[PDB]
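Asker: Sharing coords07.json (JSON, C-alpha atoms) below.
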[["chain", "number", "residue", "atom", "x", "y", "z"],
["A", 1, "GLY", "CA", 34.56, 18.80, -14.69],
["A", 2, "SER", "CA", 33.18, 18.48, -18.21],
["A", 3, "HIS", "CA", 29.68, 17.23, -17.39],
["A", 4, "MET", "CA", 28.64, 20.85, -16.88],
["A", 5, "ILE", "CA", 31.02, 22.69, -19.21],
["A", 6, "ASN", "CA", 32.74, 22.47, -22.60],
["A", 7, "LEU", "CA", 36.10, 23.34, -24.14],
["A", 8, "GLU", "CA", 34.34, 24.75, -27.20],
["A", 9, "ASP", "CA", 32.01, 26.71, -24.93],
["A", 10, "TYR", "CA", 34.27, 27.92, -22.12],
["A", 11, "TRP", "CA", 37.63, 28.79, -23.66],
["A", 12, "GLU", "CA", 37.00, 32.54, -23.80],
["A", 13, "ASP", "CA", 34.13, 34.99, -23.32],
["A", 14, "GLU", "CA", 35.94, 38.31, -22.92],
["A", 15, "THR", "CA", 34.67, 38.22, -19.34],
["A", 16, "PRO", "CA", 35.18, 41.44, -17.33],
["A", 17, "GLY", "CA", 37.65, 41.94, -14.50],
["A", 18, "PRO", "CA", 35.52, 42.47, -11.37],
["A", 19, "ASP", "CA", 36.90, 42.62, -7.83],
["A", 20, "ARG", "CA", 33.74, 41.99, -5.81],
["A", 21, "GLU", "CA", 32.59, 38.63, -7.17],
["A", 22, "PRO", "CA", 34.52, 35.60, -5.86],
["A", 23, "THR", "CA", 35.90, 33.05, -8.32],
["A", 24, "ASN", "CA", 36.02, 29.28, -7.82],
["A", 25, "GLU", "CA", 39.65, 29.30, -8.95],
["A", 26, "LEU", "CA", 40.39, 32.19, -6.60],
["A", 27, "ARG", "CA", 39.14, 30.43, -3.47],
["A", 28, "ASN", "CA", 40.47, 27.11, -4.76],
["A", 29, "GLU", "CA", 43.99, 28.38, -5.47],
["A", 30, "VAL", "CA", 44.06, 30.41, -2.25],
["A", 31, "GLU", "CA", 42.75, 27.53, -0.14],
["A", 32, "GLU", "CA", 45.25, 25.03, -1.57],
["A", 33, "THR", "CA", 48.13, 27.51, -1.36],
["A", 34, "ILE", "CA", 47.34, 28.27, 2.28],
["A", 35, "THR", "CA", 46.98, 24.57, 3.07],
["A", 36, "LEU", "CA", 50.33, 23.68, 1.48],
["A", 37, "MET", "CA", 52.07, 26.82, 2.75],
["A", 38, "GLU", "CA", 50.59, 26.20, 6.20],
["A", 39, "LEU", "CA", 53.40, 23.66, 6.60],
["A", 40, "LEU", "CA", 56.01, 26.39, 6.11],
["A", 41, "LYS", "CA", 59.38, 25.89, 7.81],
["A", 42, "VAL", "CA", 62.15, 28.09, 9.21],
["A", 43, "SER", "CA", 63.92, 27.77, 5.86],
["A", 44, "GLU", "CA", 60.90, 28.85, 3.83],
["A", 45, "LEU", "CA", 59.78, 31.56, 6.25],
["A", 46, "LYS", "CA", 63.30, 32.99, 6.28],
["A", 47, "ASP", "CA", 63.58, 32.83, 2.49],
["A", 48, "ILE", "CA", 60.38, 34.84, 2.05],
["A", 49, "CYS", "CA", 61.17, 37.34, 4.81],
["A", 50, "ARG", "CA", 64.50, 37.89, 3.05],
["A", 51, "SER", "CA", 63.12, 38.27, -0.47],
["A", 52, "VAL", "CA", 60.36, 40.63, 0.65],
["A", 53, "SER", "CA", 62.90, 42.25, 2.97],
["A", 54, "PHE", "CA", 60.28, 41.84, 5.69],
["A", 55, "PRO", "CA", 61.22, 41.88, 9.40],
["A", 56, "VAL", "CA", 62.37, 38.36, 10.28],
["A", 57, "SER", "CA", 62.98, 39.38, 13.90],
["A", 58, "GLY", "CA", 59.76, 37.64, 14.90],
["A", 59, "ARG", "CA", 59.17, 33.89, 14.76],
["A", 60, "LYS", "CA", 57.91, 31.15, 12.44],
["A", 61, "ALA", "CA", 54.43, 31.78, 13.83],
["A", 62, "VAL", "CA", 54.58, 35.50, 13.03],
["A", 63, "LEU", "CA", 55.82, 34.91, 9.48],
["A", 64, "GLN", "CA", 53.35, 32.12, 8.69],
["A", 65, "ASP", "CA", 50.63, 34.24, 10.29],
["A", 66, "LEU", "CA", 51.41, 37.26, 8.12],
["A", 67, "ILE", "CA", 51.48, 35.26, 4.89],
["A", 68, "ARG", "CA", 48.41, 33.20, 5.76],
["A", 69, "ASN", "CA", 46.44, 36.34, 6.65],
["A", 70, "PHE", "CA", 47.70, 38.03, 3.48],
["A", 71, "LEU", "CA", 46.36, 35.34, 1.15],
["A", 72, "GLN", "CA", 43.27, 34.84, 3.31],
["A", 73, "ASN", "CA", 42.49, 38.56, 3.25],
["A", 74, "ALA", "CA", 43.61, 38.83, -0.37],
["A", 75, "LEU", "CA", 40.06, 37.78, -1.22],
["A", 76, "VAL", "CA", 37.90, 40.08, 0.92],
["A", 77, "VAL", "CA", 34.60, 41.60, -0.19],
["A", 78, "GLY", "CA", 35.55, 45.04, -1.47],
["A", 79, "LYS", "CA", 39.26, 44.67, -0.74],
["A", 80, "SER", "CA", 40.72, 42.30, -3.33],
["A", 81, "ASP", "CA", 44.50, 41.90, -3.27],
["A", 82, "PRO", "CA", 45.94, 39.37, -5.74],
["A", 83, "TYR", "CA", 49.37, 40.96, -5.31],
["A", 84, "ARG", "CA", 50.04, 38.98, -2.13],
["A", 85, "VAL", "CA", 48.63, 35.89, -3.83],
["A", 86, "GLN", "CA", 51.14, 35.90, -6.69],
["A", 87, "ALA", "CA", 53.93, 37.02, -4.35],
["A", 88, "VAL", "CA", 53.33, 34.22, -1.85],
["A", 89, "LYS", "CA", 52.81, 31.59, -4.55],
["A", 90, "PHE", "CA", 56.08, 32.56, -6.21],
["A", 91, "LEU", "CA", 57.96, 32.56, -2.91],
["A", 92, "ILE", "CA", 56.65, 29.13, -1.93],
["A", 93, "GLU", "CA", 57.42, 27.61, -5.34],
["A", 94, "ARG", "CA", 60.83, 29.29, -5.48],
["A", 95, "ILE", "CA", 61.83, 27.75, -2.15],
["A", 96, "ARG", "CA", 60.22, 24.45, -3.16],
["A", 97, "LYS", "CA", 62.32, 24.48, -6.34],
["A", 98, "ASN", "CA", 65.42, 26.07, -4.81],
["A", 99, "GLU", "CA", 65.22, 28.98, -7.25],
["A", 100, "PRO", "CA", 66.81, 32.44, -6.84],
["A", 101, "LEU", "CA", 64.89, 35.21, -5.06],
["A", 102, "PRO", "CA", 64.98, 38.39, -7.18],
["A", 103, "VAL", "CA", 63.85, 41.87, -6.15],
["A", 104, "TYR", "CA", 60.44, 41.88, -4.47],
["A", 105, "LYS", "CA", 59.59, 45.27, -5.97],
["A", 106, "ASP", "CA", 60.90, 44.52, -9.46],
["A", 107, "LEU", "CA", 59.47, 40.99, -9.52],
["A", 108, "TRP", "CA", 56.12, 42.16, -8.16],
["A", 109, "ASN", "CA", 55.83, 44.91, -10.78],
["A", 110, "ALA", "CA", 56.77, 42.40, -13.48],
["A", 111, "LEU", "CA", 54.01, 39.98, -12.48],
["A", 112, "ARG", "CA", 51.65, 42.91, -11.91],
["A", 113, "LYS", "CA", 51.85, 44.32, -15.44],
["A", 114, "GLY", "CA", 52.67, 40.91, -16.88]]
Let me see the file written as structure tokens.

Answerer:
Amino acid sequence: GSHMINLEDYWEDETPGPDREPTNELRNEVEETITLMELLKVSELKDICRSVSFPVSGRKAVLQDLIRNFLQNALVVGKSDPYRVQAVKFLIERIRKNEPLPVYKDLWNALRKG
């Protein structure tokens, strides 16, 4: 909230970019994303599997399991992996907004450097 912070004292501090220390926003965004994505459907699962070109020969359980584990493991001590986080988030939103699914490689690289 604001009872323990301040806009004029928490807008920027040139903080470093560590990969071992967990961030409230990291676990918060990942938790929420996994909770909302946990209700994935055949349509969503298929959409993602198609965009990422992943093997959709499995089942809804396999797809949801892969994504869930990806985001869940994306925040592991000494094994950070935000790539899957942004990728999954984009996929979910895209399907939730009915947006086009561009190249997984191109898009990923764009969000990576961007």

Asker: Rounded to one decimal place, report the atom CA of residue 104 of chain A-atom CA of residue 55 of chain A distance in Å.

Answerer: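 Answer for the atom CA of residue 104 of chain A to atom CA of residue 55 of chain A separation: 13.9 Å.
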
Asker: From the list A:68, A:74, A:63, A:13, which residue is nearest residue 48 of chain A when using only C-alpha atoms?

Answerer: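 Using only C-alpha atoms, the shortest distance to residue 48 of chain A belongs to A:63.
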
Asker: Return the single residue from A:51, A:72, A:15, A:2 that is closest to residue 35 of chain A, with distances computed using all atoms listed in the file.

Answerer: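 With all atoms listed in the file as the atom set, the closest residue is A:72.
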
Asker: Just how far from atom CA of residue 22 of chain A is atom CA of residue 82 of chain A, in Å to one decimal?

Answerer: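 Atom CA of residue 22 of chain A lies at a distance of 12.0 Å from atom CA of residue 82 of chain A.
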
Asker: What does the structure give for the distance between atom CA of residue 34 of chain A and atom CA of residue 71 of chain A, in Å to one decimal?

Answerer: 7.2 Å

Asker: Please determine the residues with any atom at most 12 Å from (31.6, 38.2, -0.2) (coordinates as given in the file, with only C-alpha atoms counting) and report them as a list in words.

Answerer: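 So the residues meeting the distance criterion are residues 19, 20, 21, 22, 23, 27, 73, 75, 76, 77, 78, 79 and 80 of chain A.
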
Asker: Counting only C-alpha atoms, figure out which residue out of A:60, A:52, A:85, A:45 gets nearest to residue 107 of chain A.

Answerer: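 So, comparing all the options, the nearest one is A:52.
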
Asker: Let me make sure I understand: among A:43, A:24, A:109, A:86, which one has the smallest atom-to-atom distance to residue 59 of chain A if we use only C-alpha atoms?

Answerer: A:43
